[PDB]
Amino acid sequence: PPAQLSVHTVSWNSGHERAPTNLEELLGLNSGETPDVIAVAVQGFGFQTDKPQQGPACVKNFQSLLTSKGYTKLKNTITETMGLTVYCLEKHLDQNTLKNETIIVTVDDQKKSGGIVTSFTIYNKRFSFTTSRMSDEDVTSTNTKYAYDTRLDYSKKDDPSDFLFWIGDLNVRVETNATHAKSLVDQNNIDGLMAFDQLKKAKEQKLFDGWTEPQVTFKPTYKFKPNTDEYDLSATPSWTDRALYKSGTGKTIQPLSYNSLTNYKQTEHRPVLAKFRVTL
Ligand code: HEM
């Protein structure tokens with residue numbers, strides 16, 4: 001059983017947009033890396049019903065690229081507003097010990113907000129992947145708009161997972177006006193603008209407790225005029241898709257990279273790719 005493993009995560013608030021064509025870039029495979037685990041999270045509208053009938057393409061295209069690479073799909077879970085998919089190199093799996101499990105948490109009577117958690121064990125180490133979705137107007141267990149619920153947090157289990165990732169649009173925004181935010185973006189003062197981001201506020205309120213975000217060096221990933229690099233300044237530019245990590249058991253999780261994928265411009269938000277190396 002190996003000393004270390006690699007994990008790629010991508011999330012995208014993709015809205016009504018269909019999965020793209022070039023998936024290699026999306027999953028961070030385009031420079032020949034072969035991560036041990038890949039998780040893909042989306043937030044948007046109408047995945048479950050699938051009225052555009054786009055389900056069949058995703059499967060076809062994702063399964064085509066990933067199977068030839070040695071990946072097994074551990075689980076795809078979709079709701080009306082969220083999607084989470086977890087892949088693992090076939091070579092790591094032992095059916096007797098994997099304990100592959102997913103819960104869905106739902107906070108409203110329309111089941112539009114909440115989250116999804118997918119967990120599995122390899123080499124007697126337990127991974128958990130969460131995505132979540134909250135609306136600004138929602139009444140909530142935290143009485144905030146942030147997409148946290150303690151049920152989705154497997155570091156607050158009696159037996160906390162070894163490696164935990166939370167990916168998606170956490171409904172955390174930049175709390176200042178658009179003029180000032182756009183000035184900071186133009187100056188490339190990413191840390192200056194992050195000073196106004198709400199993740200720290202969420203944490204002062206004991207949400208995402210002990211969860212770390214890798215250092216952010218990219219400009220806000222929202223809100224863009226589609227197919228441009230131009231901010232739509234009807235909203236204050238913000239970091240919407242995020243990746244957070246923790247360990248419940250003192251295991252080292254080292255971010256290698258954390259980047260928006262500005263090549264994917266087809267919508268208002270840009271997908272975010274994180275790569276980690278975890279020590280078992
Ligand atoms: C960038 C946007 C999207 C991404 C990245 C994405 C990603 C994924 C992934 C990774 C899977 C699992 C593929 C596999 O089987 O290995 C999946 C499945 C699926 N997607 Fe999406 N998706 C997107 C948009 C949508 C949209 C707009 C819809 C329709 C409302 C949709 C409907 C579905 C359905 C129905 C499945 C599962 C179908 C089945 O299991 O038979 N997706 N998607």
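Values below: all heavy atoms of this structure, side chains included; hydrogens, waters and symmetry mates excluded. Index from 1, following the sequence.
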Ring centroid separation for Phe165 and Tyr245, is it under 6.0 angstrom?
no

Atom pairs and distances, side-chain donor-acceptor, residues 266-274, under 3.5 Å, sequence neighbours left out:
{"residue": "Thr267", "atom": "OG1", "partner": "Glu17", "partner atom": "OE2", "Å": "3.4"}
{"residue": "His269", "atom": "ND1", "partner": "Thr240", "partner atom": "OG1", "Å": "2.7"}
{"residue": "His269", "atom": "NE2", "partner": "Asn13", "partner atom": "ND2", "Å": "3.4"}
{"residue": "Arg270", "atom": "NE", "partner": "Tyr264", "partner atom": "O", "Å": "3.3"}
{"residue": "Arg270", "atom": "NE", "partner": "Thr267", "partner atom": "O", "Å": "3.4"}
{"residue": "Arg270", "atom": "NH1", "partner": "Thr228", "partner atom": "O", "Å": "3.1"}
{"residue": "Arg270", "atom": "NH2", "partner": "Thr228", "partner atom": "O", "Å": "3.3"}
{"residue": "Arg270", "atom": "NH2", "partner": "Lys265", "partner atom": "O", "Å": "3.2"}
{"residue": "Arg270", "atom": "NH2", "partner": "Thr267", "partner atom": "O", "Å": "2.8"}

If you define the side chain from C-beta out and look only at heavy atoms, does anything of [X] sit under 4.5 Å from [Y]?
X	Y	answer
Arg173	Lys145	yes
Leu65	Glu24	yes
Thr217	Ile190	no
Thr131	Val42	no
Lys246	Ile253	no
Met194	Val216	yes
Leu280	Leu5	yes
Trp239	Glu213	no

Counting only heavy atoms from other residues, nucleotides and ligands, does the tally under 6.0 Å from [atom1] of [X] exceed 12?
X	atom1	result
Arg277	CZ	no
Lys111	NZ	no
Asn143	CG	no

Quick one: list whatever passes ring pair (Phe, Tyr, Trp, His ring centres under 6.0 Å) with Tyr231, sequence neighbours left out.
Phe224

Restricting to non-hydrogen atoms, name the atom on [X] and the atom on [Y] that form the minimum distance, rounded to 0.1 Å.
X	Y	answer
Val174	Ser238	N-OG, 3.0 Å
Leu199	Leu244	CD2-CD2, 3.9 Å
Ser11	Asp241	OG-OD1, 2.7 Å
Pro220	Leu193	CG-CD2, 3.7 Å
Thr249	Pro160	CG2-O, 3.8 Å
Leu164	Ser155	CD2-N, 3.5 Å

Run the numbers on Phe129 and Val37 for side-chain contact (heavy atoms from CB on, under 4.5 Å), then give the verdict.
CA-CA 11 Å; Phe129 290 89; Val37 178; 3.8 Å; yes

Can you name the residues that form a salt bridge (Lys or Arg N to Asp or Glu O under 4.0 Å) with [X], not counting sequence neighbours?
X	value
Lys182	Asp186
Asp36	none
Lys275	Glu33

First locate atom [atom1] of [X], then atom [atom2] of [Y], and finally report the distance between them rounded to the nearest 0.5 Å.
X	Y	atom1	atom2	result
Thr144	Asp136	OG1	CG	10.5 Å
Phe62	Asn76	CZ	CG	9.5 Å
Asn177	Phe196	CG	CZ	8.5 Å

Without swapping roles, check the side chain of [X] against the backbone of [Y] for a donor-acceptor pair under 3.5 Å.
X	Y	answer
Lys203	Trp211	yes
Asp209	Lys206	no
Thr130	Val117	no
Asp149	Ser141	no
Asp232	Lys223	no
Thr142	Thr140	no

Between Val10 and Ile167, is the side-chain contact (heavy atoms from CB on, under 4.5 Å) condition met? List the steps.
CA-CA 7 Å; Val10 67; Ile167 62 175; over 6 Å; no

Among pairs that include at least one residue of residues 41-65, which meet side-chain hydrogen bond (donor to acceptor under 3.5 Å, both in side chains), considering only residues two or more places apart or in two chains?
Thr49-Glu80

Selection residues 114-128 - residue pairs positive for side-chain hydrogen bond (donor to acceptor under 3.5 Å, both in side chains), sequence neighbours left out
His92-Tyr123, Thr102-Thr118, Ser119-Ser128, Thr121-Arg126, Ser128-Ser161

After noting the C-alpha distance and the side-chain angles of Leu29 and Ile38, does the key distance pass the side-chain contact (heavy atoms from CB on, under 4.5 Å) rule?
CA-CA 10 Å; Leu29 303 173; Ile38 304 174; 4.1 Å; yes

Describe, in one word, how the ring planes of [X] and [Y] are oriented to each other, choosing from parallel (under 30°), tilted (30 to 60°) and perpendicular (over 60°).
X	Y	result
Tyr71	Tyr87	perpendicular
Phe218	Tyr258	perpendicular
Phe127	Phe120	parallel

Selection residues 24-43 - residue pairs positive for ring-ring contact (aromatic ring centres under 6.0 Å, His included), sequence neighbours left out:
none

Of all pairs that satisfy ring-ring contact (aromatic ring centres under 6.0 Å, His included), the ones with a partner from residues 18-51, not counting sequence neighbours
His16-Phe45

Shared hydrophobic cluster for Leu207 and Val172 (ILVMFWY, side-chain gaps under 4.5 Å):
yes

Joint hydrophobic cluster, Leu89 plus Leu27, side-chain heavy atoms closer than 4.5 Å:
yes

Sequence neighbours left out, what passes side chain to side chain contact (heavy atoms under 4.5 Å, CB included) with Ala147? Give chain and number order.
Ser132, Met134

Test of understanding: with side chain to side chain contact (heavy atoms under 4.5 Å, CB included), list the residues that count as partners of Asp108, not counting sequence neighbours.
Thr106, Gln110, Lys112, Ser113

Go through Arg133 and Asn171 one step at a time and tell me if the side-chain contact (heavy atoms from CB on, under 4.5 Å) criterion holds.
CA-CA 7 Å; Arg133 189 280 201 180; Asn171 209 32; over 6 Å; no

So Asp197 and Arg242, salt bridge (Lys or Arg N to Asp or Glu O under 4.0 Å) or not? Walk me through it.
CA-CA 12 Å; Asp197 169 82; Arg242 315 292 281 270; 2.9 Å; yes

Who are the side-chain hydrogen bond (donor to acceptor under 3.5 Å, both in side chains) partners of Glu230, not counting sequence neighbours?
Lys225

